[PDB]
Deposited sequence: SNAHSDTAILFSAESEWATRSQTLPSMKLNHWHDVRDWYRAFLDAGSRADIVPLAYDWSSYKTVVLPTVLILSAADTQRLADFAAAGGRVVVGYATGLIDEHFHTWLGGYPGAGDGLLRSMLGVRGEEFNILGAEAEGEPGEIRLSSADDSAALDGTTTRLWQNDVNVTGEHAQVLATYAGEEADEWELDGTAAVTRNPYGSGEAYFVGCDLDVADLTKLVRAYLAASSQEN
């Protein structure tokens, strides 16, 4: 049906570079010529389209890269796909704000971690006590309490599942009603749990038995 390689075209990146040594469409065009002369002709596919069935995706000077699209690349790679990232990819988010932190900055470090490389910058030279409630249908952490918790927690991962939240009258007094307390997130082929509060051994055992035990 289609080729094994997709060269992703971003209309937003073309709009951004068309307004100085960067040119998204010219970079896509050269990568297309390269794959053509190499005998493995590639397709040109819009970034927003479903390219999950391709074996390789190429992102040449895709300047604008959202966290949602960075997650799609990570999912694509983790499931066995091959991702090729140019030097000028993932520098700015979808709201035209520069990705802070190390280079490349797309996804608050998710793209950087996929590549296994890091640069410092893009540089081209020439309430007292709170009760918890299980968010899933397990009721394992219901009735548990905490006396020291992290207050500023935002669930940002697309595939991050909330396992428990702070609830009750005491939780609402600090504007923490519904705030995430225990979460888990897929990362590559693995997983990462976040425990946002202190728990006694009794409550920890219920957390371990419900999610981390061998049984």
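**Q** Counting from 1 along the deposited sequence, which stretches lack C-alpha positions?
**A** Residues lacking C-alpha coordinates: 1 to 2, 22 to 26, 134 to 139, 229 to 232.
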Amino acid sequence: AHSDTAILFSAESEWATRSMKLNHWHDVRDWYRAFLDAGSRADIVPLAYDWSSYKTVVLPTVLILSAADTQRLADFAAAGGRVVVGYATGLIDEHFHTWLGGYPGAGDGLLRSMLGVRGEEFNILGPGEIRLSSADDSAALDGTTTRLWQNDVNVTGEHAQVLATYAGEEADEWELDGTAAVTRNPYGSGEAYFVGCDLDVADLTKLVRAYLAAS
From here on, numbers count along this sequence of modelled residues.
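**Q** Mind pulling up the entry and telling me whether 172 to 180 or 159 to 167 has the higher mean Cα temperature factor?
**A** Mean B over CA atoms: larger for 172 to 180.
**Q** On average, which has the higher Cα B-factor in the deposited entry, 73 to 81 or 140 to 148?
**A** In the deposited entry, the stretch with the higher C-alpha B-factor mean is 140 to 148.
**Q** Specify which of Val195, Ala11, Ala192, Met20 carries the largest Cα B factor in the deposited PDB entry.
**A** Comparing C-alpha B-factors across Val195, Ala11, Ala192, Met20, the top value belongs to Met20.
**Q** Between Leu111, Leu91, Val117, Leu125, where does the Cα B-factor run highest in the record?
**A** Reading the PDB entry, the winner on C-alpha B-factor is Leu125.
**Q** Sorting the chain's modelled residues by C-alpha B-factor, tell me whether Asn154 ends up in the lowest, middle or highest third.
**A** Top third by C-alpha B-factor.
**Q** Please place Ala1 in the lowest, middle or highest third of its chain by C-alpha B factor as given in the entry.
**A** Highest third, going by the recorded CA B-factors of the chain.
**Q** Sort the modelled residues of this chain by their C-alpha B factor and say whether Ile7 lands in the lowest, middle or highest third.
**A** CA B-factor rank for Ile7: lowest third.
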